[PDB]
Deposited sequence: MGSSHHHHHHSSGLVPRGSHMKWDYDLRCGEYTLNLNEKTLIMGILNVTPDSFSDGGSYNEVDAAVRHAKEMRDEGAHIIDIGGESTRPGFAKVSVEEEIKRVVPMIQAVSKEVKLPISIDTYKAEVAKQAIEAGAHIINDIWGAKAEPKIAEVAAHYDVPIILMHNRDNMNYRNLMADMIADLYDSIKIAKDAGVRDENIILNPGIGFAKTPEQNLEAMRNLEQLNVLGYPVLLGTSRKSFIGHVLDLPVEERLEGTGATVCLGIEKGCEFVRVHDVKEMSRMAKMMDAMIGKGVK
């Protein structure tokens, strides 16, 4: 039902066999450096390794000058030591450029090319997939779903104008951003609508406020709630989920896949 694969330079991701798991890398920085140090980069490599062991298919790694000094070294190490595609979690054009240069395969923009349109040009240039997330600096919606789909389309426009191929575009409803708890639930309820745009969807709900708002539970107690959102997401056609708890979420996805027939 996807007539193509995701091309990620060295690695290739099939969109039909299974829900693809993107693991969120623990990024705890050192307080005694401006980036690159041994505890920093080593703790990140061991985390990537752990996530790779537990079922992850992608490792997600997230002022401007410092951001490069911190993130670049982590990409060099992980790409060497863990054979998995890497996404850079930035919205900044300059940051994205460095990260791909450093070895990152996918861009993960939380502003869907709206914060720094030049990022699209970076993406088209290096010919890497880009995840466009719904976002906005206000919460005033006429019709939440209709508006989201409009807003995302404004991102696709920017991406395509810059020269990004349809096949390198992935969408993200941006659950947990610019949405009240009730709005987040509504988007969850209506996720399948994003499918009409005809692009792979990545869901990213891992331990967010709205899960806490529902269950009344702090961040470290949101594995079950996250799981529910992952399940409903997969049912509604998501090609990727972005999660912290890779072992557990990887098992729920696999079971979902078997049931829905993916």
Provide the list of deposited-sequence positions lacking C-alpha coordinates, grouped into contiguous ranges.
1 to 21, 84 to 94, 295 to 297
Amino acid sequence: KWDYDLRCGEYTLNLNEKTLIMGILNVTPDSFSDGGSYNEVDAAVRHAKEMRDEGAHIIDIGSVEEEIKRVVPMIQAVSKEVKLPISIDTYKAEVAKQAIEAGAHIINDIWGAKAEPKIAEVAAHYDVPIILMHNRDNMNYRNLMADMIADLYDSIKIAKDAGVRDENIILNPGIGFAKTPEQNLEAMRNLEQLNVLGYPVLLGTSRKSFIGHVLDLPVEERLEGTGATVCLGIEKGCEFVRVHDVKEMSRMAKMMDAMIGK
From here on, numbers count along this sequence of modelled residues.
Looking only at C-alpha temperature factors in the entry, 211 to 219 or 226 to 234, the higher average sits in 211 to 219
Name the higher of the two by mean Cα B-factor in the PDB entry, 65 to 73 versus 47 to 55.
65 to 73
In this PDB entry, which of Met133, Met145, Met188, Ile100 has the top CA B-factor?
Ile100
Residue with highest C-alpha B-factor in the PDB entry, from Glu192, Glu182, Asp137, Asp151
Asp137
Select lowest, middle or highest to describe the third in which the CA B-factor of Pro173 falls within its chain in this entry.
lowest
Classify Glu10 as lowest, middle or highest third according to the C-alpha B-factor given in the PDB entry, relative to its own chain.
highest
